[PDB]
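Number of protein chains: 2
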Amino acid sequence: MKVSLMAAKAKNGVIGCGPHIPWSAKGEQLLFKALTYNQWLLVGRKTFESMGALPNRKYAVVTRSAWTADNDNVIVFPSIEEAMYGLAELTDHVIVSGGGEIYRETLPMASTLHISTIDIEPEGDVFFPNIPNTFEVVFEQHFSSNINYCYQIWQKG
Amino acid sequence: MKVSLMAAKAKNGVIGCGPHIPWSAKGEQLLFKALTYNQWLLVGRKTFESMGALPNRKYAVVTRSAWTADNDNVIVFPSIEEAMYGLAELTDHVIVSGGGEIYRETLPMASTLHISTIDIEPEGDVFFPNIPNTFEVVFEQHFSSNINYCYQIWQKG
Ligand SMILES: COc1cc(Cc2cnc(N)nc2N)cc(OC)c1OC
Ligand SMILES: COc1cc(Cc2cnc(N)nc2N)cc(OC)c1OC
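Heads up: the sequence lines are chains B and A, in that order. Counting with PDB author numbering, you get residues 1 to 157 for the letters of the first sequence. Counting with PDB author numbering, you get residues 1 to 157 for the letters of the second sequence.
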């Protein structure tokens, strides 16, 4: 199965200040809605709880705890390893859609990054990992909004 | 300024049966909405009338008549050269968003294509031109829907 990764980070690499995103870049989330439509996503438990489920997406949620989910559209996995083995029988394609921890543990398995950088440098204590130079930008487009943002697609070369 | 082009075509190349699109693929238009967000779009006058202005988007519309719009978000030009010269004072980027005529006229200026191919072969007045080998696919993603669709980004090689 193909592993993609989709994130939005500030220019200082912040993705998270506790359970919040410390910015609202009007329009950016349309990109996430476009590329996740009828896809399978892999999310950490904290990101899943803070951001909720959208319709027309399936979720693999990883926890080390006894946490569970009423949603029929969700499968809980005890590890990333297990989620990958599971997903591989359920889909051609999974989009890793966050957690700091999840991004750190999955970035090496990804063949395509969808990265949005927001024109702000806010307070924060979760950070996107460093992008290995095995990856190259193949597409980029700037957006003007309340806070500008840059969308880039990276492929593993 | 960089010229992109964004289109959605059936597998047989149909983009239009008169002023309608002969199909509705749930999900696909999210990609159009996310990539045109707060961008300048170049549209022919026929497409503009049949499909209407969207909010949060700027329009360069070309006519060979004295046709005009009812919208301070719209600039009418008598030619594509005039539209380009005018836009270049306002923006580093324009997305050509159709007409069959417009696509044919502008494909030679475009350095990035955003092409959605819908899994259907309907009847069609209007067709997307053939993609010259001057361009190469740099990204691709498949979507399952009521009608499946494939999204590809082509760059000028
Ligand atoms: C996993 O849950 C969501 C996460 C995000 C964050 C996010 C926002 N933008 C981009 N490009 N990638 C992301 N991962 C955004 C969301 O909706 C806009 C989510 O709703 C399901
Ligand atoms: C020119 O305005 C629109 C055009 C289209 C057709 C279209 C649909 N999908 C893609 N990817 N590109 C397109 N050009 C679709 C639209 O709405 C979903 C438009 O907004 C009114």
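C-beta: ideal position from N, C-alpha, C; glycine also.
Beta-carbon neighbours of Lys-9(B), restricted to chain A and to distances below 8 Å
Neighbours of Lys-9(B) on chain A: none; closest Cβ ~18 Å, over 8 Å.
Excluding five sequence neighbours on each side, which residues of the same chain lie with their C-beta closer than 8 Å to the C-beta of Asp-92(B)?
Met-1 and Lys-2
Determine, for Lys-33(B), whether the minimum Cβ-Cβ distance to residues of chain A falls below 9 Å.
yes
If you check the beta carbons only, do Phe-135(A) and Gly-13(A) fall under 9 Å apart?
no
Exposed or buried, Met-6(A), counting other C-beta atoms within 10 Å across all chains shown (16 or more means buried)?
buried
Tell me whether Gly-98(A) sits in a helix, a strand or coil according to DSSP, three-state version.
coil
Whole-Å CB distance - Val-94(A) paired with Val-76(A), under 8 Å assumed
Incorrect: roughly 15 Å between the Cβ atoms, too far for contact.
Given that a residue counts as buried once 16 or more other Cβ atoms are within 10 Å of its Cβ, and exposed if not, what is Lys-11(B)?
exposed
Applying a beta-carbon distance threshold of less than 8 Å, which residues of chain B neighbour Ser-144(A)?
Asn-38
Taking 9 Å as the threshold (beta carbon to beta carbon), is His-93(A) in contact with chain B?
yes
By Cβ distance below 8 Å, which residues in the same chain neighbour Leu-87(B) in space, the five residues on each side in sequence not counted?
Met-1, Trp-40, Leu-42, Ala-60 and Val-94
Select from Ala-34(A), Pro-108(A) and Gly-99(A) the residue whose C-alpha is nearest the C-alpha of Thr-63(A).
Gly-99(A)
In chain order, what residues of the same chain lie with their CB nearer than 8 Å to the CB of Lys-156(B), ignoring the 5 residues before and after it?
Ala-110, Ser-111, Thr-112, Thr-134 and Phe-135
What are the residues in the stretch 113-143 of chain B lying within 8 Å of chain A by C-beta distance?
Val-138, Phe-139, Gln-141, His-142 and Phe-143
Exposed or buried, which one is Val-96(A) when buried takes at least 16 other CB atoms within 10 Å?
buried
Within the present structure, is the beta-carbon of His-114(A) separated from the nearest heavy atom of ligand 1 by less than 8 Å?
no
Here's a check: name, in chain order, each residue in its chain whose Cβ is nearer than 8 Å to the Cβ of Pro-132(B), leaving out the five neighbours to either side.
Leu-107 and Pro-108
Roughly how many angstroms lie between the CA atoms of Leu-90(B) and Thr-68(B), to the nearest whole one?
20 Å
For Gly-27(A), which residues in chain B fall below 9 Å Cβ to Cβ?
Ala-34, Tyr-37, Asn-38 and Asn-56
Short check: CB of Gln-29(B) to CB of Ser-4(A), under 9 Å?
no
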